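Read through the structure below, which is laid out as structure tokens, and then see the notes.
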Amino acid sequence: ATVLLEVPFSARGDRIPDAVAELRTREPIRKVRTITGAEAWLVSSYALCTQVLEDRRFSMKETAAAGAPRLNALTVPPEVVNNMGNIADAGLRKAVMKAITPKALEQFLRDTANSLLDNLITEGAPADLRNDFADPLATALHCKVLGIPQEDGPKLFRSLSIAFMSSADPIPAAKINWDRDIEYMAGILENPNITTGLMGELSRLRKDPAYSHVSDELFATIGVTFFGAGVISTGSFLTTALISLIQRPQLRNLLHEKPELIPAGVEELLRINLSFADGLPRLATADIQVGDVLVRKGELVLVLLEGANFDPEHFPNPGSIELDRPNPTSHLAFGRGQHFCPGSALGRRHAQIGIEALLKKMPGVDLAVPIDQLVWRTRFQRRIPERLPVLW
Ligand code: HEM
């Protein structure tokens with residue numbers, strides 16, 4: 001006798017488990033047990049993953065309902081799961097988008113990357129590319145985008161190792177750090193020195209008559225959530241993309257020699273990325289046929305991003321980085337449908353400029369320890385190594 005198949009399969013972000021291609025072939029939608037003990041449907045083909053993400057009857061907001069089967073415990077108030085919907089309803093969507101584009105900024109990214117790298121070179125090998133390069137780069141970018149002081153970035157950043165946990169039970173430290181971070185953002189909206197970036201724009205709109213009935217809670221929430229999601233997602237993706245690049249010295253050499261090819265290489269590094277640790281969660285609001293399974297109202301569905309993005313029926317020779325594919329941006333790294341990532345262009349540009357600056361300064365970058373010695377963070381919403389030691 002064996003127990004029901006458990007998720008997630010492995011916290012390692014340097015290799016995809018053989019089980020993924022086995023499931024996809026034999027049972028592309030199948031029952032599994034989450035860390036809470038709840039049952040869920042795990043979806044692993046490109047076709048079925050797209051079907052779920054494009055049908056709003058599979059609901060993000062209803063995952064917060066009391067009594068529902070859960071992937072993991074909430075780390076935010078339940079109304080905050082419907083964050084984008086709340087922004088839209090307030091008439092703030094277009095203003096938020098415009099403030100988080102990369103086209104405002106790029107020269108600030110380049111100068112910041114180059115300064116971080118020069119400091120590593122001065123100190124001498126080994127260097128830690130996560131704690132002393134990718135995560136500070138992400139932190140600095142989001143303080144500039146929000147319009148807040150660079151010197152505030154480190155304390156906001158320290159909440160994230162707990163805020164983005166994937167836990168079976170509620171986490172007391174997440175509420176302590178949330179309430180404090182909300183009080184900070186509320187203080188920013190009342191600070192007359194803050195007149196640029198996303199928080200500068202929200203601070204103006206707050207006093208305009210067309211927004212007089214929008215709550216002060218929502219304005220502070222937008223600042224905490226966009227800082228947190230953008231900094232964890234960009235820092236974690238750049239770190240694990242740098243591992244994928246270092247393990248491919250022929251590609252590293254080619255991008256060094258021809259940096260025009262960096263945007264096509266970053267699109268492939270997004271396609272093969274293992275940064276999301278769990279499937280994307282949805283709750284069925286109706287009975288809906290998905291492949292051979294009739295999913296019932298009230299059941300939990302998990303959309304496995306690497307199931308879609310390594311599917312050979314959609315991307316032939318899926319484990320290989322190919323810079324001349326006919327369908328290069330059709331991957332699901334930023335999601336699909338109603339909830340498609342609002343920061344996609346800013347995330348692409350963070351990774352392009354970081355990689356471009358690294359290869360120019362350190363063309364002989366390599367790991368300084370055997371790859372099996374990297375320590376993979378567990379029970380977390382991302383897969384990341386705790387330290388990334390390199391030489392050059
Ligand atoms: C390479 C970097 C990034 C990746 C891989 C990424 C990935 C994703 C994914 C897969 C989703 C969909 C979640 C779902 O449907 O359940 C998403 C949504 C979201 N992302 Fe990103 N993201 C990145 C960068 C950013 C940045 C830079 C920001 C903001 C500054 C951001 C803010 C958000 C927000 C607020 C949502 C929720 C949208 C909603 O609920 O409608 N992300 N991201």
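Order determines the names: the first chain of the structure tokens is A, the second B, and so forth; residues in each chain are numbered 1 upward, and ligands are numbered 1 upward as they are shown.
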Tell me, which residues of range 155-188 of chain A carry DSSP helix (DSSP H, G or I), written as a list in words?
->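 Of range 155-188 of chain A, the ones in helix (DSSP H, G or I) are residues 155, 156, 157, 158, 160, 161, 162, 163, 172, 173, 174, 175, 176, 177, 178, 179, 180, 181, 182, 183, 184, 185, 186, 187 and 188 of chain A.
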Residues just named, written with C-alpha atoms as a CSV table (one decimal), in the first residue's frame:
chain,number,residue,atom,x,y,z
A,155,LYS,CA,14.5,46.6,5.7
A,156,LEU,CA,11.5,46.0,3.2
A,157,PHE,CA,13.6,43.2,1.6
A,158,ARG,CA,14.0,41.3,5.0
A,160,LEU,CA,10.4,38.5,2.0
A,161,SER,CA,12.0,35.2,3.4
A,162,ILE,CA,8.8,34.8,5.5
A,163,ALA,CA,6.1,36.6,3.3
A,172,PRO,CA,2.7,34.6,13.1
A,173,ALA,CA,5.7,36.5,11.8
A,174,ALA,CA,4.0,37.2,8.3
A,175,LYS,CA,1.2,39.3,10.1
A,176,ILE,CA,3.8,41.3,12.2
A,177,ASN,CA,5.9,42.2,9.1
A,178,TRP,CA,2.7,42.9,7.0
A,179,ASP,CA,1.2,45.4,9.5
A,180,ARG,CA,4.5,47.2,9.8
A,181,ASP,CA,5.1,47.4,6.0
A,182,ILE,CA,1.5,48.8,5.6
A,183,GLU,CA,2.3,51.5,8.2
A,184,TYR,CA,5.5,52.4,6.3
A,185,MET,CA,3.5,52.8,2.9
A,186,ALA,CA,0.8,54.8,4.6
A,187,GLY,CA,3.5,57.2,5.9
A,188,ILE,CA,4.9,57.4,2.3
Residue contacts of range 348-352 of chain A (7 Å, only C-alpha atoms) excluding same-chain residues fewer than 5 positions away, as an MDAnalysis selection string | chainID A and resid 102 238 262:263 266
Which chains and residue numbers are within 8 Å of ligand 1, counting only C-alpha atoms and all ligand atoms, if I want them as a PyMOL selection string?
-> chain A and resi 53+60+81-85+100+142+225-227+229-231+233-238+270+275-276+280-282+305+332-348+350-351
From a DSSP pass on the backbone, collect the residues of range 36-253 of chain A flagged as strand (DSSP E) and hand them back as a ChimeraX atom specification.
-> /A:39-43,58-59,127-128
Generate the output file for the selected residues, C-alpha atoms, as an mmCIF file, in the first residue's frame.
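What landed in result.cif:
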data_model
loop_
_atom_site.group_PDB
_atom_site.id
_atom_site.type_symbol
_atom_site.label_atom_id
_atom_site.label_comp_id
_atom_site.auth_asym_id
_atom_site.auth_seq_id
_atom_site.Cartn_x
_atom_site.Cartn_y
_atom_site.Cartn_z
ATOM 1 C CA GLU A 39 -6.655 16.869 -2.467
ATOM 2 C CA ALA A 40 -6.142 18.748 -5.808
ATOM 3 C CA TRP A 41 -5.951 18.202 -9.616
ATOM 4 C CA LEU A 42 -2.370 18.584 -11.010
ATOM 5 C CA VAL A 43 -2.377 19.813 -14.696
ATOM 6 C CA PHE A 58 -11.453 28.464 -12.582
ATOM 7 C CA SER A 59 -11.193 31.383 -10.116
ATOM 8 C CA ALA A 127 31.594 36.048 -4.923
ATOM 9 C CA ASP A 128 27.940 35.277 -4.039
#
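Nearest residue to residue 132 in chain A among A:54, A:322, A:386, A:152 is A:386, counting only C-alpha atoms.
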What gap, in Å, lies between CA of residue 319 in chain A and CA of residue 19 in chain A?
-> 14.6 Å
Among the residues A:287, A:117, A:197, A:376, the one that comes closest to residue 149 in chain A [using only C-alpha atoms] | A:197
Compile the contact shell of residue 65 in chain A as an MDAnalysis selection string: residues with an atom at most 10 Å away, counting only C-alpha atoms, same-chain residues fewer than 5 positions apart removed.
-> chainID A and resid 70 78:79 283 298
Can I get the selection written as a short mmCIF file (atom, residue, chain, number, x, y, z; two decimals), in the first residue's frame, with C-alpha atoms?
data_model
loop_
_atom_site.label_atom_id
_atom_site.label_comp_id
_atom_site.auth_asym_id
_atom_site.auth_seq_id
_atom_site.Cartn_x
_atom_site.Cartn_y
_atom_site.Cartn_z
CA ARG A 70 -5.91 24.85 0.18
CA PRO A 78 -8.20 37.22 2.18
CA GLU A 79 -9.39 40.30 0.24
CA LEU A 283 -10.95 27.00 -7.45
CA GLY A 298 -15.45 23.62 -5.16
#
Using only C-alpha atoms, determine which residues lie at most 7 Å from residue 57 in chain A, disregarding the query and same-chain residues fewer than 6 positions distant; provide the list as a list in words.
->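 So, after excluding close chain neighbours, the residues are residues 284, 285 and 286 of chain A.
Considering only C-alpha atoms, the residue among A:301, A:388, A:241, A:198 positioned nearest to residue 372 in chain A is A:388.
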